[PDB]
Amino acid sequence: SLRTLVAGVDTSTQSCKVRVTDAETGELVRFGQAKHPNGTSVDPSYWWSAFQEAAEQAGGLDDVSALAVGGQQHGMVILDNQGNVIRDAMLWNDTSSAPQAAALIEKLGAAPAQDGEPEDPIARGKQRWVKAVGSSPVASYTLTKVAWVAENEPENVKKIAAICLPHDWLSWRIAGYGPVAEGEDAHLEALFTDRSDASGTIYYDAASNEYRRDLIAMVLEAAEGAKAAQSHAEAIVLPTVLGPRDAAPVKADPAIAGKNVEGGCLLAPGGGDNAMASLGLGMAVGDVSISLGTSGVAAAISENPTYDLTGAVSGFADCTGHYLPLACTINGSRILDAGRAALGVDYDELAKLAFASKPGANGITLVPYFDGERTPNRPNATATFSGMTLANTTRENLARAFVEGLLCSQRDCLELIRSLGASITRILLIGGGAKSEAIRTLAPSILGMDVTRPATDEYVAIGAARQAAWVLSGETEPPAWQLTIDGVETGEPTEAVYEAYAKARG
């Protein structure tokens, strides 16, 4: 206890991780982890139980001075007057609320075009959402879940006394709050959040630090009538949005953390997983990370708010008081799976093939919108091979086109983010795709820069610990922790590859 410890909690869809860490160095001291049930909806009771089991495995938190929770984004947790969870949390990957996301767009776009606005009501609705709160509705977003509940479960929507996100709710439970008996104080107002998670609700505007309670009323109207919906949306407790390095007004309950340290365990604001990982990776303004799993996520840190009027790039906030333009791609590594099926080869086979080719694949371009794309915003799109010729239509060139297509899409994302006014001056490559020799080899060439490969690690848990250490220290800058790098990929830029891709995708 002479040594100052913090704890970074990572409550993700799949599990809870607890990383007890050295406040000064970021060094791992203890670790623990527990599983969540599968499903795109879930009883938060399982998140509490997983946290408890994870923390116990990590040797408890009695010696911990500050704690932060990084959480899966968007998940809707609704509480009644008594602090009870009303119905299952609906998560980022629930698609139940898809109709509501569509309807929200039509509803905001309905009013006639104003000076400069698109004539198409859909394009116009998308643009109005982006300007209002940073992002155009998709099923992931919290507001769409609340909408769905109003439409499908009116008795439940009318009981809502508070709405919060997974990291918010876990933090509140850690502070020792929870369900109370009738006529007891639930302390719902003790709820707090940060800018990064709140920016994922589409009822919060980070630029102005304002909850848009009118957008909540808008979805409650279906169950309650207009004025009643207005009254409800005003009455609902929403978490206090804390600054990036503010301690919460409440500390951890001593039975949970800090009983053996001076001042107990303070609570840092916490945050959404993408932004927390970025903090953990030590990312600052100008950095982008590409997380390449079967699908992709390109997230850059932006000094100023970012507005993709198209509704492809999300306008989230990061965990340093700044901005997190976030570009999801449906097609990441899965493109390479397509390649294997198409050519009847395995991974190495595909790579050997592709390297046998040349940059540009002798003219063949793949626009890999298998099953559409999130970025650019083209839901009903399909993938397209172009530039084919008798001479060039071969397994080698096709192989190379599959790889170049994967990378070109990610570049396309970087260019779109740049177009929103956010400079990108360094690239980090993480996720499973990062171990792919072909992706790893061709990335610098087609992305157009060095590609840094941070060592695989618990970036969310590390980011949460870094934020708790930041708050605990009271200093203006976050803890300068050592970052481990696996390697840096360098390669001469080949602009013609992406230039051909851009033509093809249109």
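Residue numbers here begin at 1 and follow the sequence given.
Asker: So 467 to 475 or 449 to 457, which one's hotter by mean CA B-factor in the entry?
Answerer: Per the PDB record, 449 to 457.
Asker: Tell me which stretch has the larger mean Cα B-factor in this entry, 324 to 332 or 114 to 122.
Answerer: It is 114 to 122.
Asker: Just the C-alpha B-factor column, please: which of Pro239, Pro137, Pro254, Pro376 has the biggest number?
Answerer: Comparing C-alpha B-factors across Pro239, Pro137, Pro254, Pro376, the top value belongs to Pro376.
Asker: Among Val488, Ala23, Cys16, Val20, where is the Cα temperature factor highest, going by the PDB entry?
Answerer: Among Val488, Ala23, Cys16, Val20, the PDB entry lists the largest C-alpha B-factor for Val488.
Asker: Ranked by Cα temperature factor within the chain, is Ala58 in the lowest third, the middle third or the highest third?
Answerer: It belongs to the middle third of the chain when residues are ordered by C-alpha B-factor.
Asker: Would you mind checking where the Cα B-factor of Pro359 ranks among the modelled residues of its chain, as the lowest, middle or highest third?
Answerer: Answer is highest: the recorded C-alpha B-factor places it there.
Asker: When the deposited Cα B-factors of this chain's modelled residues are ordered and cut into thirds, is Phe192 in the lowest, the middle or the highest one?
Answerer: CA B-factor rank for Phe192: lowest third.
Asker: Would you mind ranking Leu5 by its C-alpha B-factor against the rest of the chain and naming the third, lowest, middle or highest?
Answerer: It falls in the bottom third of the chain.
Asker: What third of its chain's C-alpha B-factors does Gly39 belong to: lowest, middle or highest?
Answerer: Tercile = middle for this residue's CA B-factor.
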